[PDB]
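File shown here: start_9.txt, holding compact mmCIF, C-alpha atoms and all ligand atoms.
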```txt
# COMPACT_ATOMS: atom_id res chain seq x y z
CA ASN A 1 0.00 0.00 0.00
CA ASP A 2 2.87 2.44 -0.83
CA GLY A 3 1.28 4.77 -3.43
CA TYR A 4 -0.05 8.05 -2.12
CA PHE A 5 -2.03 9.48 -4.99
CA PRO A 6 -4.56 7.51 -7.11
CA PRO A 7 -3.00 5.18 -9.74
CA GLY A 8 -3.59 6.84 -13.09
CA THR A 9 -2.91 10.38 -11.80
CA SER A 10 -1.04 12.26 -14.53
CA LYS A 11 2.61 13.25 -14.22
CA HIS A 12 1.59 16.93 -14.08
CA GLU A 13 -0.91 16.25 -11.29
CA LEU A 14 1.48 14.07 -9.34
CA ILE A 15 4.02 16.91 -9.33
CA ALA A 16 1.50 19.66 -8.61
CA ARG A 17 -0.08 17.68 -5.77
CA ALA A 18 3.33 16.84 -4.32
CA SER A 19 4.17 20.55 -4.39
CA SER A 20 1.09 21.39 -2.34
CA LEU A 21 1.70 18.77 0.39
CA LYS A 22 2.11 20.33 3.80
CA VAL A 23 5.29 19.61 5.74
CA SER A 24 3.22 17.68 8.29
CA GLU A 25 1.82 15.51 5.51
CA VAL A 26 5.32 14.71 4.17
CA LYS A 27 6.40 13.78 7.70
CA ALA A 28 3.40 11.44 7.94
CA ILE A 29 4.32 9.70 4.67
CA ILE A 30 7.86 9.15 5.90
CA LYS A 31 6.69 7.83 9.27
CA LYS A 32 4.34 5.37 7.55
CA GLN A 33 7.25 3.92 5.57
CA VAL A 34 9.57 3.79 8.58
CA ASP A 35 6.84 1.95 10.54
CA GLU A 36 6.29 -0.53 7.69
CA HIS A 37 10.04 -1.20 7.28
CA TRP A 38 11.31 -0.75 10.84
CA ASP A 39 12.79 -4.21 11.21
CA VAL A 40 15.09 -3.89 8.16
CA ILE A 41 15.95 -0.29 9.00
CA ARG A 42 17.00 -1.36 12.52
CA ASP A 43 18.81 -4.48 11.30
CA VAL A 44 20.92 -2.53 8.81
CA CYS A 45 21.48 0.76 10.61
CA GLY A 46 21.14 -0.09 14.34
CA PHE A 47 19.10 3.02 15.14
CA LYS A 48 17.89 2.97 18.76
CA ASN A 49 14.16 3.26 18.14
CA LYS A 50 11.53 4.29 15.55
CA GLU A 51 11.47 7.92 16.72
CA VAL A 52 15.12 8.52 15.91
CA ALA A 53 14.68 6.66 12.61
CA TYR A 54 11.86 9.06 11.73
CA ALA A 55 14.18 11.91 12.61
CA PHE A 56 16.99 10.51 10.45
CA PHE A 57 14.71 10.43 7.40
CA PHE A 58 13.40 13.93 8.27
CA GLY A 59 17.05 14.97 8.18
CA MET A 60 17.34 13.43 4.72
CA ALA A 61 14.16 15.17 3.55
CA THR A 62 15.55 18.41 4.87
CA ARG A 63 19.00 18.03 3.28
CA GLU A 64 17.62 16.76 -0.04
CA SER A 65 14.52 18.90 -0.61
CA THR A 66 14.04 21.28 2.32
CA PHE A 67 10.78 19.28 2.71
CA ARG A 68 9.59 20.50 -0.77
CA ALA A 69 8.14 17.20 -2.02
CA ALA A 70 8.04 18.20 -5.72
CA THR A 71 11.78 18.90 -5.93
CA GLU A 72 13.26 17.47 -9.16
CA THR A 73 16.99 17.58 -10.00
CA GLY A 74 19.78 15.88 -11.88
CA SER A 75 20.20 13.89 -15.07
CA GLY A 76 20.40 10.08 -15.82
CA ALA A 77 21.64 8.16 -12.80
CA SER A 78 21.35 11.37 -10.68
CA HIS A 79 17.86 12.26 -11.87
CA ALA A 80 15.88 12.38 -8.64
CA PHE A 81 12.46 13.32 -7.38
CA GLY A 82 10.58 13.78 -4.15
CA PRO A 83 11.29 14.66 -0.53
CA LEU A 84 14.26 12.29 -0.27
CA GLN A 85 15.52 12.94 -3.84
CA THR A 86 15.17 9.32 -4.85
CA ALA A 87 17.31 8.75 -7.96
CA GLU A 88 16.44 6.65 -10.96
CA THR A 89 19.08 4.08 -9.89
CA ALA A 90 16.76 3.03 -7.05
CA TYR A 91 14.24 1.58 -9.49
CA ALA A 92 14.04 -1.80 -11.19
CA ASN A 93 14.43 -1.83 -14.98
CA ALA A 94 15.37 1.85 -15.10
CA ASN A 95 18.43 1.66 -17.34
CA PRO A 96 20.82 -1.18 -18.18
CA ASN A 97 23.82 0.91 -17.17
CA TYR A 98 22.68 1.39 -13.58
CA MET A 99 24.41 -0.70 -10.94
CA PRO A 100 21.98 -3.25 -9.53
CA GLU A 101 20.30 -2.94 -6.11
CA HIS A 102 19.29 -6.54 -5.34
CA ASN A 103 20.42 -6.51 -1.71
CA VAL A 104 17.22 -5.23 -0.03
CA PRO A 105 14.89 -8.21 -0.37
CA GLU A 106 12.86 -6.87 2.60
CA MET A 107 11.51 -4.01 0.43
CA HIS A 108 9.86 -4.27 -2.95
CA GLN A 109 11.89 -2.67 -5.74
CA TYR A 110 9.29 -0.79 -7.81
CA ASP A 111 9.71 -0.72 -11.56
CA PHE A 112 10.72 2.51 -13.21
CA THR A 113 7.47 4.02 -14.37
CA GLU A 114 6.04 7.55 -14.39
CA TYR A 115 3.74 6.84 -11.44
CA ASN A 116 6.43 5.04 -9.46
CA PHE A 117 8.97 7.83 -9.92
CA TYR A 118 6.62 10.79 -9.38
CA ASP A 119 4.15 9.54 -6.75
CA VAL A 120 5.36 10.83 -3.42
CA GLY A 121 4.56 7.60 -1.62
CA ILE A 122 6.41 5.35 -3.98
CA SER A 123 9.24 7.90 -4.08
CA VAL A 124 9.64 7.85 -0.30
CA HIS A 125 9.48 4.03 -0.10
CA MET A 126 12.13 3.84 -2.84
CA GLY A 127 14.36 6.44 -1.22
CA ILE A 128 14.43 4.43 2.00
CA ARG A 129 15.16 1.26 0.00
CA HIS A 130 17.92 2.98 -2.00
CA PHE A 131 19.52 4.29 1.18
CA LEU A 132 19.41 0.80 2.70
CA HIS A 133 21.07 -0.61 -0.40
CA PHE A 134 24.11 1.56 0.31
CA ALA A 135 23.93 1.27 4.12
CA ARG A 136 23.97 -2.55 3.78
CA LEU A 137 27.08 -2.29 1.56
CA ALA A 138 28.60 0.00 4.21
CA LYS A 139 27.87 -2.50 6.98
CA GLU A 140 30.32 -4.92 5.31
CA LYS A 141 33.17 -2.62 6.44
CA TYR A 142 31.76 -0.13 8.94
CA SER A 143 29.95 -0.19 12.26
CA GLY A 144 27.72 2.10 14.29
CA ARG A 145 27.19 5.58 12.95
CA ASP A 146 29.54 4.86 10.06
CA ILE A 147 26.94 2.55 8.48
CA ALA A 148 24.47 5.40 8.08
CA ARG A 149 27.18 7.97 7.39
CA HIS A 150 28.72 5.99 4.51
CA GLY A 151 25.29 4.79 3.44
CA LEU A 152 24.39 8.44 2.89
CA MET A 153 27.56 8.96 0.85
CA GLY A 154 26.51 6.04 -1.34
CA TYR A 155 22.99 7.42 -1.66
CA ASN A 156 24.24 10.81 -2.90
CA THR A 157 27.32 9.82 -4.90
CA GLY A 158 26.89 6.14 -5.81
CA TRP A 159 29.90 5.16 -3.69
CA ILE A 160 30.10 4.54 0.05
CA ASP A 161 33.80 5.51 -0.02
CA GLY A 162 35.95 8.05 -1.81
CA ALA A 163 34.11 11.32 -1.21
CA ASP A 164 35.97 14.23 0.34
CA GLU A 165 35.77 14.54 4.11
CA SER A 166 34.37 18.01 3.58
CA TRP A 167 31.37 16.57 1.54
CA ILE A 168 30.91 13.91 4.22
CA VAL A 169 30.54 16.82 6.65
CA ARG A 170 28.40 19.09 4.39
CA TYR A 171 26.12 16.24 3.27
CA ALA A 172 26.08 13.26 5.72
CA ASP A 173 26.89 14.92 9.05
CA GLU A 174 24.61 17.81 8.10
CA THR A 175 21.78 15.31 7.51
CA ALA A 176 22.28 13.79 10.99
CA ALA A 177 22.30 17.23 12.65
CA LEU A 178 19.23 18.44 10.77
CA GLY A 179 17.27 15.35 11.74
CA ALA A 180 18.04 15.85 15.43
CA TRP A 181 16.58 19.37 15.35
CA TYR A 182 13.14 17.85 14.75
CA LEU A 183 13.38 15.52 17.75
CA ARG A 184 14.93 18.08 20.14
CA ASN A 185 12.50 20.90 19.34
CA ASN A 186 9.18 19.07 19.13
CA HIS A 187 8.84 19.18 15.33
CA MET A 188 8.18 15.50 14.66
CA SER A 189 4.58 16.06 13.48
CA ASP A 190 4.00 19.77 12.83
CA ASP A 191 4.64 21.90 9.70
CA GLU A 192 7.97 23.30 10.87
CA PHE A 193 11.25 22.67 9.13
CA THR A 194 14.92 23.60 9.23
CA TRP A 195 17.34 23.78 6.30
CA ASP A 196 20.90 23.15 5.23
CA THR A 197 23.24 25.57 7.06
CA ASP A 198 20.58 26.90 9.47
CA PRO A 199 22.75 28.35 12.30
CA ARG A 200 20.24 27.27 14.97
CA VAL A 201 20.99 23.61 14.36
CA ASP A 202 23.32 21.92 16.88
CA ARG A 203 26.11 20.29 14.84
CA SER A 204 28.13 18.94 17.76
CA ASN A 205 28.33 15.12 17.93
CA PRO A 206 25.51 14.86 15.41
CA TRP A 207 25.24 11.08 15.29
CA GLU A 208 24.96 10.26 19.00
CA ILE A 209 21.16 10.80 19.28
CA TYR A 210 20.52 7.94 16.89
CA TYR A 211 22.16 5.10 18.84
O1 LIG B 1 23.74 18.04 -2.95
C1 LIG B 1 22.89 17.45 -1.92
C2 LIG B 1 21.42 17.65 -2.29
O2 LIG B 1 21.22 19.07 -2.36
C3 LIG B 1 19.82 19.40 -2.56
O3 LIG B 1 19.77 20.80 -2.58
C4 LIG B 1 19.73 21.41 -1.28
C5 LIG B 1 20.92 22.35 -1.16
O4 LIG B 1 22.14 21.59 -1.05
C6 LIG B 1 20.81 23.16 0.12
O5 LIG B 1 21.89 24.05 0.30
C7 LIG B 1 19.49 23.92 0.07
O6 LIG B 1 19.30 24.65 1.26
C8 LIG B 1 18.77 25.98 1.17
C9 LIG B 1 17.26 25.97 1.28
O7 LIG B 1 16.60 25.33 0.20
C10 LIG B 1 16.76 27.43 1.37
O8 LIG B 1 15.37 27.39 1.63
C11 LIG B 1 17.50 28.15 2.48
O9 LIG B 1 17.14 29.46 2.65
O10 LIG B 1 18.89 28.10 2.24
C12 LIG B 1 19.42 26.81 2.26
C13 LIG B 1 20.95 26.89 2.17
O11 LIG B 1 21.32 27.51 0.95
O12 LIG B 1 18.41 23.00 0.00
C14 LIG B 1 18.45 22.24 -1.22
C15 LIG B 1 17.26 21.31 -1.15
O13 LIG B 1 16.03 22.05 -1.10
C16 LIG B 1 19.39 18.87 -3.92
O14 LIG B 1 17.99 19.14 -4.12
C17 LIG B 1 19.60 17.34 -3.95
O15 LIG B 1 19.29 16.85 -5.28
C18 LIG B 1 21.05 17.05 -3.65
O16 LIG B 1 21.24 15.61 -3.60
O1 LIG B 2 31.94 2.07 -13.12
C1 LIG B 2 30.84 1.35 -12.54
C2 LIG B 2 29.54 1.65 -13.25
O2 LIG B 2 29.22 3.02 -12.96
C3 LIG B 2 27.93 3.37 -13.44
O3 LIG B 2 27.69 4.71 -13.08
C4 LIG B 2 27.26 4.91 -11.71
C5 LIG B 2 28.09 6.09 -11.17
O4 LIG B 2 29.44 5.69 -11.02
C6 LIG B 2 27.55 6.50 -9.80
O5 LIG B 2 28.28 7.61 -9.35
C7 LIG B 2 26.07 6.83 -9.93
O6 LIG B 2 25.57 7.11 -8.64
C8 LIG B 2 24.40 7.92 -8.59
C9 LIG B 2 23.52 7.34 -7.45
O7 LIG B 2 23.03 6.05 -7.76
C10 LIG B 2 22.35 8.27 -7.19
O8 LIG B 2 21.62 7.83 -6.01
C11 LIG B 2 22.77 9.70 -7.01
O9 LIG B 2 21.66 10.54 -6.95
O10 LIG B 2 23.51 10.09 -8.18
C12 LIG B 2 24.73 9.36 -8.26
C13 LIG B 2 25.59 10.07 -9.32
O11 LIG B 2 25.75 11.45 -8.95
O12 LIG B 2 25.36 5.71 -10.44
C14 LIG B 2 25.79 5.34 -11.75
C15 LIG B 2 24.85 4.21 -12.18
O13 LIG B 2 24.88 3.11 -11.23
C16 LIG B 2 27.97 3.34 -14.99
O14 LIG B 2 26.67 3.66 -15.50
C17 LIG B 2 28.35 1.92 -15.41
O15 LIG B 2 28.47 1.86 -16.85
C18 LIG B 2 29.66 1.49 -14.77
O16 LIG B 2 29.83 0.10 -15.09
MN MN B 3 6.88 0.60 1.84
```
Go ahead and render the structure in this file as structure tokens.
Ligand SMILES: OC[C@H]1O[C@@H](O[C@H]2[C@H](O)[C@@H](O)[C@H](O[C@H]3[C@H](O)[C@@H](O)[C@H](O)O[C@@H]3CO)O[C@@H]2CO)[C@H](O)[C@@H](O)[C@@H]1O
Ligand SMILES: OC[C@H]1O[C@@H](O[C@H]2[C@H](O)[C@@H](O)[C@H](O[C@H]3[C@H](O)[C@@H](O)[C@H](O)O[C@@H]3CO)O[C@@H]2CO)[C@H](O)[C@@H](O)[C@@H]1O
Ligand SMILES: [Mn+2]
Amino acid sequence: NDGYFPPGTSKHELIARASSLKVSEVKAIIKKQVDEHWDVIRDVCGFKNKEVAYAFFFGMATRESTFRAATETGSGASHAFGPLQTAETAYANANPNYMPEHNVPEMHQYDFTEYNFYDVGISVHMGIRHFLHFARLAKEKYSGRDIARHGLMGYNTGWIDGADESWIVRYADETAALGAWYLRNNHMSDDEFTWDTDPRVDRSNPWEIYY
């Protein structure tokens, strides 16, 4: 039951309706997916509880889209849509040159179709799956916070290793810090959001809250 909008909704309407979703509604979509997939999320990432897992994915929504669910960027393998900026590489049958993601059997891999790419519900499901693809690769060589940290580097770059430490900080550590703002300031359900570089956000020891 992953799709949010009616099957058959046009591309234009999927985008327009995503654009009009309230922040609280995007948070609810993310929570639904985290609830549905908690066991695999916990097994891969070792997050302490569902609440901090919600916050982690709110951090991703913040870093990727500033909670603007109709955000669309990139080209080819980087072409991404939705609150988590789910790339085409997440999807089954998208392009023969995309590296396969057959290591998350706990989550269905939706086919690459207009509805599956542009529906916010499918997009969020697939973003979580795509992140777990890379986090599971990271767990082969990393532990603790480094699973999620390098999983995020894979999500954004295609590669769990080899990014600059300064992008690990500006992208992955930023994501962790942004997510914690929601938990610490009672924004887990309301329409409030933070943003990349917001000076209010506490960036010290940004991973500790999750474990
Ligand atoms: O490269 C990582 C991801 O970046 C996403 O873009 C984000 C920008 O990196 C981020 O700086 C920007 O933050 C803005 C915010 O949108 C604005 O409202 C505020 O006033 O200033 C902030 C700092 O400049 O947010 C965008 C996301 O909305 C890409 O969308 C994503 O594809 C990419 O992976
Ligand atoms: O050399 C190995 C194979 O590489 C394939 O290209 C991959 C890029 O190397 C990788 O950087 C890119 O990663 C995407 C990522 O999947 C996505 O989530 C993010 O938004 O954008 C990243 C790029 O900025 O994925 C591609 C495809 O898997 C070549 O296509 C392949 O021929 C080659 O064998
Ligand atoms: Mn799902």
Residues within 12 Å of (11.2, 22.6, 6.5), file coords, only C-alpha atoms, listed as a VMD selection string: chain A and resid 21 to 27 58 to 69 83 178 to 179 181 to 182 187 to 196 198
Straight-line distance linking CA of residue 151 (chain A) with CA of residue 133 (chain A), stated in Å to one decimal: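 Between CA of residue 151 (chain A) and CA of residue 133 (chain A) the gap is 7.9 Å.
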Against region 28-31 of chain A, which residues of region 88-162 of chain A fall within 12 Å? For each one I want the closest pair of atoms and the distance in Å (one decimal), counting all atoms listed in the file, rows by chain and increasing residue number, as JSON lines.
```
{"residue": "A:119", "atom": "CA", "partner": "A:29", "partner_atom": "CA", "distance": 11.4}
{"residue": "A:120", "atom": "CA", "partner": "A:29", "partner_atom": "CA", "distance": 8.2}
{"residue": "A:121", "atom": "CA", "partner": "A:29", "partner_atom": "CA", "distance": 6.6}
{"residue": "A:122", "atom": "CA", "partner": "A:29", "partner_atom": "CA", "distance": 9.9}
{"residue": "A:123", "atom": "CA", "partner": "A:30", "partner_atom": "CA", "distance": 10.2}
{"residue": "A:124", "atom": "CA", "partner": "A:30", "partner_atom": "CA", "distance": 6.6}
{"residue": "A:125", "atom": "CA", "partner": "A:30", "partner_atom": "CA", "distance": 8.1}
{"residue": "A:126", "atom": "CA", "partner": "A:30", "partner_atom": "CA", "distance": 11.1}
{"residue": "A:127", "atom": "CA", "partner": "A:30", "partner_atom": "CA", "distance": 10.0}
{"residue": "A:128", "atom": "CA", "partner": "A:30", "partner_atom": "CA", "distance": 9.0}
```
Spatial neighbours of residue 103 (chain A), max dist 10 Å, only C-alpha atoms, sep filter under 6 positions, as a ChimeraX atom specification: /A:129-130,132-134,136-137
Within-7 Å residues of ligand MN 3 (chain B), basis all atoms listed in the file, as a ChimeraX atom specification: /A:2,33,36-37,107,125
Distance query residue 131 (chain A) at most 10 Å, all atoms listed in the file, self and fewer than 4 positions along chain excluded, as a ChimeraX atom specification: /A:41,57,84,86,90,104,126-127,135-136,148,150-156
Once N, CA and C atoms are restored for region 46-82 of chain A, what would the output be as a PDB file, in the coordinates of the input?
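Writing the result to result-v1.pdb gives the following:
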```
ATOM      1  N   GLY A  46      20.985  -0.038  12.882  1.00  0.00           N
ATOM      2  CA  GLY A  46      21.140  -0.090  14.340  1.00  0.00           C
ATOM      3  C   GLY A  46      20.629   1.141  15.063  1.00  0.00           C
ATOM      4  N   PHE A  47      19.722   1.899  14.462  1.00  0.00           N
ATOM      5  CA  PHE A  47      19.100   3.020  15.140  1.00  0.00           C
ATOM      6  C   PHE A  47      18.377   2.526  16.408  1.00  0.00           C
ATOM      7  N   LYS A  48      18.392   3.390  17.418  1.00  0.00           N
ATOM      8  CA  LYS A  48      17.890   2.970  18.760  1.00  0.00           C
ATOM      9  C   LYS A  48      16.400   2.637  18.773  1.00  0.00           C
ATOM     10  N   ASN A  49      15.587   3.393  18.084  1.00  0.00           N
ATOM     11  CA  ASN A  49      14.160   3.260  18.140  1.00  0.00           C
ATOM     12  C   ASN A  49      13.537   3.902  16.898  1.00  0.00           C
ATOM     13  N   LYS A  50      12.211   3.731  16.734  1.00  0.00           N
ATOM     14  CA  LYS A  50      11.530   4.290  15.550  1.00  0.00           C
ATOM     15  C   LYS A  50      11.569   5.784  15.503  1.00  0.00           C
ATOM     16  N   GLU A  51      11.508   6.433  16.662  1.00  0.00           N
ATOM     17  CA  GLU A  51      11.470   7.920  16.720  1.00  0.00           C
ATOM     18  C   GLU A  51      12.734   8.531  16.100  1.00  0.00           C
ATOM     19  N   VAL A  52      13.873   7.978  16.443  1.00  0.00           N
ATOM     20  CA  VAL A  52      15.120   8.520  15.910  1.00  0.00           C
ATOM     21  C   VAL A  52      15.266   8.123  14.449  1.00  0.00           C
ATOM     22  N   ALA A  53      14.714   6.998  14.044  1.00  0.00           N
ATOM     23  CA  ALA A  53      14.680   6.660  12.610  1.00  0.00           C
ATOM     24  C   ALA A  53      13.806   7.615  11.836  1.00  0.00           C
ATOM     25  N   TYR A  54      12.644   7.993  12.361  1.00  0.00           N
ATOM     26  CA  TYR A  54      11.860   9.060  11.730  1.00  0.00           C
ATOM     27  C   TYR A  54      12.721  10.287  11.563  1.00  0.00           C
ATOM     28  N   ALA A  55      13.407  10.695  12.639  1.00  0.00           N
ATOM     29  CA  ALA A  55      14.180  11.910  12.610  1.00  0.00           C
ATOM     30  C   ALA A  55      15.280  11.835  11.565  1.00  0.00           C
ATOM     31  N   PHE A  56      15.934  10.686  11.435  1.00  0.00           N
ATOM     32  CA  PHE A  56      16.990  10.510  10.450  1.00  0.00           C
ATOM     33  C   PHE A  56      16.446  10.811   9.061  1.00  0.00           C
ATOM     34  N   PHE A  57      15.296  10.210   8.715  1.00  0.00           N
ATOM     35  CA  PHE A  57      14.710  10.430   7.400  1.00  0.00           C
ATOM     36  C   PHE A  57      14.131  11.846   7.256  1.00  0.00           C
ATOM     37  N   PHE A  58      13.725  12.512   8.341  1.00  0.00           N
ATOM     38  CA  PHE A  58      13.400  13.930   8.270  1.00  0.00           C
ATOM     39  C   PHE A  58      14.663  14.748   7.978  1.00  0.00           C
ATOM     40  N   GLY A  59      15.799  14.343   8.532  1.00  0.00           N
ATOM     41  CA  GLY A  59      17.050  14.970   8.180  1.00  0.00           C
ATOM     42  C   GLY A  59      17.368  14.808   6.695  1.00  0.00           C
ATOM     43  N   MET A  60      17.149  13.610   6.161  1.00  0.00           N
ATOM     44  CA  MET A  60      17.340  13.430   4.720  1.00  0.00           C
ATOM     45  C   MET A  60      16.374  14.292   3.939  1.00  0.00           C
ATOM     46  N   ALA A  61      15.102  14.339   4.300  1.00  0.00           N
ATOM     47  CA  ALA A  61      14.160  15.170   3.550  1.00  0.00           C
ATOM     48  C   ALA A  61      14.606  16.595   3.596  1.00  0.00           C
ATOM     49  N   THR A  62      15.120  17.062   4.731  1.00  0.00           N
ATOM     50  CA  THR A  62      15.550  18.410   4.870  1.00  0.00           C
ATOM     51  C   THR A  62      16.772  18.694   3.951  1.00  0.00           C
ATOM     52  N   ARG A  63      17.771  17.830   4.042  1.00  0.00           N
ATOM     53  CA  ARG A  63      19.000  18.030   3.280  1.00  0.00           C
ATOM     54  C   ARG A  63      18.767  17.959   1.783  1.00  0.00           C
ATOM     55  N   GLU A  64      17.857  17.074   1.371  1.00  0.00           N
ATOM     56  CA  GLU A  64      17.620  16.760  -0.040  1.00  0.00           C
ATOM     57  C   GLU A  64      16.652  17.711  -0.685  1.00  0.00           C
ATOM     58  N   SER A  65      15.607  18.135   0.004  1.00  0.00           N
ATOM     59  CA  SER A  65      14.520  18.900  -0.610  1.00  0.00           C
ATOM     60  C   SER A  65      14.048  20.080   0.193  1.00  0.00           C
ATOM     61  N   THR A  66      14.592  20.300   1.392  1.00  0.00           N
ATOM     62  CA  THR A  66      14.040  21.280   2.320  1.00  0.00           C
ATOM     63  C   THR A  66      12.540  20.997   2.542  1.00  0.00           C
ATOM     64  N   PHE A  67      12.177  19.708   2.535  1.00  0.00           N
ATOM     65  CA  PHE A  67      10.780  19.280   2.710  1.00  0.00           C
ATOM     66  C   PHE A  67       9.826  19.673   1.562  1.00  0.00           C
ATOM     67  N   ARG A  68      10.387  20.123   0.431  1.00  0.00           N
ATOM     68  CA  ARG A  68       9.590  20.500  -0.770  1.00  0.00           C
ATOM     69  C   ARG A  68       9.452  19.229  -1.649  1.00  0.00           C
ATOM     70  N   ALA A  69       8.296  18.561  -1.496  1.00  0.00           N
ATOM     71  CA  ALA A  69       8.140  17.200  -2.020  1.00  0.00           C
ATOM     72  C   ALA A  69       8.132  17.087  -3.539  1.00  0.00           C
ATOM     73  N   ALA A  70       7.988  18.200  -4.271  1.00  0.00           N
ATOM     74  CA  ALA A  70       8.040  18.200  -5.720  1.00  0.00           C
ATOM     75  C   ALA A  70       9.418  18.533  -6.274  1.00  0.00           C
ATOM     76  N   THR A  71      10.438  18.598  -5.435  1.00  0.00           N
ATOM     77  CA  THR A  71      11.780  18.900  -5.930  1.00  0.00           C
ATOM     78  C   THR A  71      12.211  17.855  -6.966  1.00  0.00           C
ATOM     79  N   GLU A  72      12.786  18.343  -8.082  1.00  0.00           N
ATOM     80  CA  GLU A  72      13.260  17.470  -9.160  1.00  0.00           C
ATOM     81  C   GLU A  72      14.584  18.001  -9.635  1.00  0.00           C
ATOM     82  N   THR A  73      15.624  17.170  -9.650  1.00  0.00           N
ATOM     83  CA  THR A  73      16.990  17.580 -10.000  1.00  0.00           C
ATOM     84  C   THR A  73      17.644  16.471 -10.813  1.00  0.00           C
ATOM     85  N   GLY A  74      18.804  16.835 -11.375  1.00  0.00           N
ATOM     86  CA  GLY A  74      19.780  15.880 -11.880  1.00  0.00           C
ATOM     87  C   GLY A  74      19.454  15.414 -13.251  1.00  0.00           C
ATOM     88  N   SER A  75      20.310  14.498 -13.724  1.00  0.00           N
ATOM     89  CA  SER A  75      20.200  13.890 -15.070  1.00  0.00           C
ATOM     90  C   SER A  75      20.629  12.393 -14.957  1.00  0.00           C
ATOM     91  N   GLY A  76      19.952  11.539 -15.730  1.00  0.00           N
ATOM     92  CA  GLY A  76      20.400  10.080 -15.820  1.00  0.00           C
ATOM     93  C   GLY A  76      20.394   9.464 -14.424  1.00  0.00           C
ATOM     94  N   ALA A  77      21.527   8.877 -14.083  1.00  0.00           N
ATOM     95  CA  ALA A  77      21.640   8.160 -12.800  1.00  0.00           C
ATOM     96  C   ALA A  77      21.358   9.074 -11.600  1.00  0.00           C
ATOM     97  N   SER A  78      21.602  10.388 -11.752  1.00  0.00           N
ATOM     98  CA  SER A  78      21.350  11.370 -10.680  1.00  0.00           C
ATOM     99  C   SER A  78      19.950  11.995 -10.739  1.00  0.00           C
ATOM    100  N   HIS A  79      19.187  11.676 -11.763  1.00  0.00           N
ATOM    101  CA  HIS A  79      17.860  12.260 -11.870  1.00  0.00           C
ATOM    102  C   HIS A  79      16.980  11.764 -10.705  1.00  0.00           C
ATOM    103  N   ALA A  80      16.471  12.708  -9.942  1.00  0.00           N
ATOM    104  CA  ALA A  80      15.880  12.380  -8.640  1.00  0.00           C
ATOM    105  C   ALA A  80      14.634  13.229  -8.454  1.00  0.00           C
ATOM    106  N   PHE A  81      13.690  12.649  -7.697  1.00  0.00           N
ATOM    107  CA  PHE A  81      12.460  13.320  -7.380  1.00  0.00           C
ATOM    108  C   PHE A  81      12.105  13.101  -5.912  1.00  0.00           C
ATOM    109  N   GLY A  82      11.304  14.031  -5.401  1.00  0.00           N
ATOM    110  CA  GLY A  82      10.580  13.780  -4.150  1.00  0.00           C
ATOM    111  C   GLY A  82      11.339  14.291  -2.954  1.00  0.00           C
TER     112      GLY A  82
END
```
